[PDB]
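# Report on the structure
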Amino acid sequence: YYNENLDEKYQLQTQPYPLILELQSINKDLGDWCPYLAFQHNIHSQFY
Amino acid sequence: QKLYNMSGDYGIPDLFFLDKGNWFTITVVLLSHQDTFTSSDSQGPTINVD
Amino acid sequence: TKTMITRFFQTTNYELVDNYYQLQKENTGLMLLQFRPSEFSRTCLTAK
Amino acid sequence: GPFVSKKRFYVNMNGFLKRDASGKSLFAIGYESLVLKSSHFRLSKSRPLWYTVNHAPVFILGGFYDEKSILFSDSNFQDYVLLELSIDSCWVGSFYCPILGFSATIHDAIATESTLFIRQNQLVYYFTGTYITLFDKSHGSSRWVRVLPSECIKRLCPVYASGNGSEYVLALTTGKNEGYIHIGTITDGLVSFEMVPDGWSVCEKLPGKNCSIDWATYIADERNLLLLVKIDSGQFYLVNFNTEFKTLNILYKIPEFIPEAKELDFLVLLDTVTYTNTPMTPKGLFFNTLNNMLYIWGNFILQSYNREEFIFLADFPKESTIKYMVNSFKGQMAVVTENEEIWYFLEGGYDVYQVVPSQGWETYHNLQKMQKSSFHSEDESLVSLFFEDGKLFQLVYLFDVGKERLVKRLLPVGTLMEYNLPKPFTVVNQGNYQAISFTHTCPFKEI
Amino acid sequence: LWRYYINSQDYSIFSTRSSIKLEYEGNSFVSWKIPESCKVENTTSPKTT
Amino acid sequence: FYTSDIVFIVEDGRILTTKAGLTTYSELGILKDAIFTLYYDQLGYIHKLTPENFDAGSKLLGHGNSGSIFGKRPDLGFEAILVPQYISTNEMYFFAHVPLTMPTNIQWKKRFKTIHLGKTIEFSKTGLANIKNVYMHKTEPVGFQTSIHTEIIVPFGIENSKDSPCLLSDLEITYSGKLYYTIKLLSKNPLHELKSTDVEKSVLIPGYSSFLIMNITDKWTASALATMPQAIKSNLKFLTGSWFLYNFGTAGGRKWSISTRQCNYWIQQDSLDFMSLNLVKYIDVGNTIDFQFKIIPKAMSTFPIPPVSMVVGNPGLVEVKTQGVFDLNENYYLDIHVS
Amino acid sequence: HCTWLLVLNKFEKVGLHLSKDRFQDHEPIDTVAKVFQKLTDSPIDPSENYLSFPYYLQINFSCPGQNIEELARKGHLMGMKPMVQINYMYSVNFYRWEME
Amino acid sequence: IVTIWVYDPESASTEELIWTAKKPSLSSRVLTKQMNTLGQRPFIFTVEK
Ligand SMILES: *[C@@H]1O[C@H](CO)[C@@H](O[C@@H]2O[C@H](CO)[C@@H](O[C@@H]3O[C@H](CO)[C@@H](O)[C@H](O)[C@@H]3O)[C@H](O)[C@H]2NC(C)=O)[C@H](O)[C@H]1NC(C)=O
Ligand SMILES: *[C@@H]1O[C@H](CO)[C@@H](O)[C@H](O)[C@H]1NC(C)=O
Ligand SMILES: *[C@@H]1O[C@H](CO)[C@@H](O)[C@H](O)[C@H]1NC(C)=O
């Protein structure tokens, strides 16, 4: 959040956003689900 | 006589003796419940069990 | 449970051939791979 | 053939016997001229069983009502005997220490390997048995030898472990040498006591006009000596004395009031806490050198990993005071209070479970009484309890008519924990009907 | 318009020992509505835990 | 000798069965014929012999079953009141109710006997348990003389709210005068009440004693007897959804039965020349013979106790050395050397 | 169910008494040489010297509902034999004895 | 040079939560040495190599 007319110490205030929890609340309202239990691999890198 | 290798009692031993760099290992096999893990546990390359 | 193991290799022999440097150049370069499940939807948090 | 369960017995060497002129075996420590009555156990309370852990061949239990008798047992109380001691019962008390009411009972019976110590009315006696597979024949004693003749002993404390091939005992004094305690060494059948804190008393290096020692544990490893000190006002200090060096350092200051925690199970005693109004009463301490664990007990349970930060285990109620505690040295601990109620602690968590007054004990007691057992009666009085290879035994007295007798008996804590019936459950729907399905509390099915 | 804050940016810490700060902005406000499992400190205030 | 079965024919036509070495028995069935005899052939099948009647069995399997001739396996349970009680999550007590002021000579109709040891108890609603011990106690608990310690497999069906409307209320159990127990319904709604058909029912709460509702003295008050009444010493109070009703009574039709269980053990033998059920082995002087068996348990297994008891007929001419170990999946391996 | 019973006997009172004798002798005694002089067809050389411990361990078992003697008779007649394992504990003085 | 200590988000200071702290607080220090007594030590593991 940005707002002028303040004491110069609060003109830029940062607040987190728990997107995962909001998405899970929406999904509980809706009722979708993941088709697989798990998907594992061993690609621990990006450039081989 | 004196027994050196026997098929006696098994299981864990009570007491261990170590001498300058020797080691030992144990294996714990855990049998989990029916639905302990859900699909939210698969976040990356391995499911976290902690 | 389905478990897949895949191996990447080349099968070229460079003995007794002509244009060794040209053949070497023709079998070099970059390529990109990605791994993903068959069908997936929301509520599935797997980074591909 | 038929199946008979595996059993373990102890066949240890008795060293306190002798033979008369007719060739009949007698006891060297006392006369077997007393017959067990039911008035021995009707009013007495339970007492601890003190011995060196894996090395004592003889078990002795003292603390009867008004007699100089002890319960003597070779083996592990599979059989016992009641010996009236041969103590001269002389009196040498005078004004040098305060005079208290005489009591012919035997207090603080300790049985170290090859030597057993007793206390009776501020006097300490020891007897050294003759063992040939341990040491020389001439080291054994012919009668009870009185140690510390010029000192008035208020308490005797045990050392469970052993270091440098020797055993140790502790004596806390009163009247004279208030800040000093005595450390007694047993080596090869020879005992010798030492005035440990040297010339200066420990009250000088500690706040208050004068100080009193209440309890002590001697760590033979590291040569440390941890001790509880009360001061003139009433605050308690846990302090440490080194034996190799001659130094002394304050380790902790016990709070006056217990901390409060409405729903927390463990509380780290920081410098910012909230106190209740009821006072604290530290009674004793216990050090385990296998896991470097320190316990302070009394009206509470304090647990320390190092000797700097302490944890209050809040499951123990503040209205119960721990009379004593025993340890299996394998991760389990039994706490016995003054109402004869028993609690169980496991070192892997932070919970203390009541076992003896409980539903599981009621179910187990009823099931034993309906299987026509011979160890269980409707009227019983706990005499003592101890550990044996990880199994918690208790020696108890059965008061029922026709079978008034002292028996040792298992206390299976796993069965009691399984039989504790009030547990979470759900009214599940199965087979187009309903059922009581108990929710699983363990995190894993099998190991 | 209301929201909730938690003390950790990581959500692999989020469990039953965490605290959730509920904040409401608006002219009209009566109370909070929670299940019987959860408790709220000072259930009439707009900024609560 | 094949299948090691034993059958006794007792007058009134009952047939008792067992296997050799076993210390229990079952009841195969009944047969009211005038003259008959029973015959086991080489393969283990059982025949009934009568003039112009050589019957082999209605249903025939691959192996030599001993109950082919009988139609349906009999119910081994009697007609009495069974009051249950939890002792753990998977263990249960059933108490048998002998009524008061009733004759001594006819007592045996309302008691658990030794036949029921090793059987299973089944409920018509749902549920199934296996009997593992039978206790007799004629004096200390009043109204109950025998009980069975069983292990729960399928966790039984509880009583509905439509058939019994007292469940939607708060209970209060107080000690009555001589030995009864007054059960009062705190909620005085005239919709709930206590119906007259709710007699000979068991009210239980998991964690306390169970009660058998014997008399109804009011529209919201019953009088009941208590199983193990020695652990109350107080007054009790419960909530709406914390206590449950069970109908194990004989009124309106008894709905519980006792019958034999299915096979629970497998014996694996990978070595040939030992697969026969009958074996004769010779040994000369000095020479020894050894054999090894595997036991796979299909159900809960005896972990400390080995599941095989072995006896030797004449031990004075033979020397038998046995080794036996368990496993993780609870398989049991044993080997025997004989000289 | 059925449980073991173990008692201590003297060397000269093996069958005469079934009561308890206490562990009072800590040296081995030499009343066994005459028996070993008669083992002429056994691999017992006269040069080696034998002498016995005092005391025996006497074992039976008891199981409720039956008496001890017929239980022992049945156990013998069915092939049963007790197996005994003795473990010794080392002393505190490791400066005079070894830890083994 | 990196300095590492352990902290609990429920009972840490306000500075340790906005990533502005320079010295561990009382709770963080006590928890850190209690974890060290049980034998816990951190290490930094590079990802690309
Ligand atoms: C099975 O073993 C037990 C012990 O290992 C035997 O029990 C013991 O039997 C003897 C009988 O000779 C009992 O001795 C009696 O002692 C009293 C008092 O000392 C004495 O007055 C009697 O004259 C007699 O000597 C002994 O008390 C008893 N011990 C126990 C613990 O019960 C038992 O006899 C053995 N069974 C068989 C069939 O041999
Ligand atoms: C010495 O300390 C004890 C308590 O340890 C106290 O009772 C006594 O009054 C003290 N002596 C003096 C002179 O204050
Ligand atoms: C109590 O039970 C007896 C015996 O069946 C019966 O005669 C009596 O009427 C009952 N009384 C009540 C109030 O149910």
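Residues numbered from 1 in each chain as written, not as in the entry; some residues may be left out. Chains lettered and ligands numbered in written order. Part of a larger assembly, values for the part shown. Heavy atoms only, no water.

The deposited coordinates derive from cryo-EM, with the record listing a resolution of 3.9 Å.

### Let's talk about the overall build of chain C
Check the secondary structure of chain C and you find 1 helix and 0 strands. Dimensions of chain C along its principal axes, counting C-alpha atoms only, are 55 × 20 × 15 Å. Burial statistics for chain C: of 48 residues in total, 6% are counted as buried. Only carbon and sulfur atoms are counted for the fraction: they give 53% of the accessible area of chain C, which is about 5300 Å². Averaging the locations of the 6 positively and 4 negatively charged side chains of chain C gives two centres separated by 21 Å. (Helix = DSSP H or I, 4+ residues; strand = E, 2+ residues; numbered from the N terminus. Buried < 20%, exposed > 50% of the residue type's maximum accessible area, 1.4 Å probe, protein only. Areas by Shrake-Rupley, 256 points an atom, 1.4 Å probe, with all protein chains shown as cover. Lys, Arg positive; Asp, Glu negative; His and termini not counted. Charge placed at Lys NZ, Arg CZ, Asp CG, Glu CD.)

### Topic: the arrangement of the chains
In this assembly, 12 pairs of chains are in contact, and the pair contributing the most contacts is chains D and F. If you take every C-alpha in chain A and every C-alpha in chain D, the smallest gap between them is 19 Å, and the two do not touch. In this assembly chain C lies apart from chain H, the nearest approach of their C-alpha atoms being 17 Å. (Contact = heavy atoms within 4.5 Å.)

### So, helix α1 (residues 26-37) of chain H
In this model, α1(H) (12 residues) spans 17 Å end to end at C-alpha, consistent with the 16 Å of a helix rising 1.5 Å per residue. Taken as a whole, α1(H) has its buried residues at H:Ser28, H:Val30 and H:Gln34. Down the axis of α1(H), the buried set is contained in an arc of 165 degrees. They therefore lie on one face. Structurally, α1(H) contributes buried residues whose contacts are with β26 (310-313) of chain D. One or two steps after α1(H), the chain reaches H:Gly39, where phi turns positive at roughly 100 degrees. (Expected span 1.5 Å × (residues − 1). Arc of directions from axis to C-beta.)

### Here's the deal with the nonpolar core
Judged by nonpolar contacts, the single largest core of 57 residues is most densely connected at D:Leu156, D:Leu170, D:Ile213, D:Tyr218, D:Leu225, D:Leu238 and D:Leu302. Apart from residues lying up to four places away in sequence, D:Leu225 is in contact with D:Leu170, D:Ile181, D:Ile183, D:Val196, D:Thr217, D:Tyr218, D:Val239, D:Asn240 and D:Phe241. One finds D:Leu421, F:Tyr86, F:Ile115 and F:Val134 within the second-largest nonpolar core, a separate group that totals 28 residues. (Core = buried A, V, L, I, M, F, W, Y, C linked by side-chain atoms within 4.5 Å.)

### Focus: the sheet that holds strand β23 (residues 332-338) of chain F
All names here are of chain F. In space, the 4 strands of this open sheet follow the order β20-β21-β23-β22, with antiparallel pairing throughout. Single-partner strands in this sheet number two, and they are β20 (265-268) and β22 (320-325). Averaged over neighbouring strand pairs, the angle between their axes works out to 20 degrees when direction is ignored. Pairing analysis gives 6 bridges linking β22 to β23, with the strands arranged antiparallel. Counted as the bridge partner of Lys321 is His337 from β23. (Pairing = 2+ DSSP bridges. Axes fitted to C-alpha atoms, helices over the stretch in contact; angles between N-to-C directions.)

### What about the side chain of F:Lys201?
Residues and elements named next belong to chain F. Within the fold, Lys201 resides in strand β14 (residues 201-204). There is a polar contact of 2.9 Å between the side chain of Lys201 and the side chain of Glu159. Among all residues touching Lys201, those that are not within four sequence positions of it are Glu159, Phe211, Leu212, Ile213, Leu245, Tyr246 and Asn247. (Polar contact = N/O pair within 3.5 Å; in protein donor to acceptor, adjacent residues only side chain to side chain.)

### Observations concerning the site of ligand 3
All names here are of chain F. Around ligand 3 sit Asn215, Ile216 and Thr217, and those are all the residues in its vicinity. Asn215 has a polar side-chain atom sitting 2.4 Å from an oxygen atom of ligand 3. A distance of 3.0 Å separates an oxygen atom of ligand 3 from a polar backbone atom of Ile216. Protein contact buries 28% of the 360 Å² of open area that ligand 3 shows by itself. (Near = heavy atom within 4 Å.)

### Remarks on the state of the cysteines
Counted according to the given criterion, the structure contains 4 disulfides over all chains. Sulfur-sulfur distance for the disulfide between A:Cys34 and C:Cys44 comes to 2.0 Å. Here the disulfide of A:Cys34 and C:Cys44 is right-handed, its torsion about the S-S bond being about 135 degrees. Here C:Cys44 lies in the segment after α1 (20-26) and A:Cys34 lies in the segment after α1 (19-30), a pairing that spans two chains. As far as the burial class goes, A:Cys34 and C:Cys44 line up, both buried. Distance from the sulfur of D:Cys90, which forms no disulfide, to the nearest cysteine sulfur (D:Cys152) is 13 Å. (Disulfide = S-S within 2.5 Å.)

### Notes on the UniProt feature "disulfide bond" in chain G
Residues and elements named next belong to chain G. The sulfur-sulfur separation between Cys2 and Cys63, a disulfide according to UniProt, is 2.0 Å, below the 2.5 Å limit, so the bridge is formed here. Placement of the pair is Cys2 in the segment before β1 (3-9) and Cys63 in the loop between β2 (56-62) and α2 (68-77), with a sequence separation of 61 residues. Under the relative-accessibility criterion, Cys2 is labelled buried at 13%. (UniProt positions renumbered as here; feature names shortened; annotations may be inferred.)

### Remarks on the side chain of F:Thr227
Residues and elements named next belong to chain F. Mapping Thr227 onto the fold places it in the loop between β16 (221-226) and β17 (236-237). On the accessibility criterion, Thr227 (0% relative accessible area) is buried. A distance of 2.7 Å separates polar atoms of two side chains, one belonging to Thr227 and the other to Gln85.

### Looking at the pattern of salt bridges
Residue and element names in this part refer to chain E. Evaluation of the coordinates by the stated rule reveals 29 salt bridges over all chains. For the salt bridge of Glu23 with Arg3, the shortest nitrogen-to-oxygen distance reads 3.2 Å. Linking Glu23 in strand β2 (residues 20-24) with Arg3 in strand β1 (residues 2-6), this pair joins segments that are 20 residues apart in sequence. Taken together, the shared-partner salt bridges connect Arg3, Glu23, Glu25 and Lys47 into one network. (Salt bridge = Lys/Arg side-chain N within 4 Å of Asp/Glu carboxyl O.)

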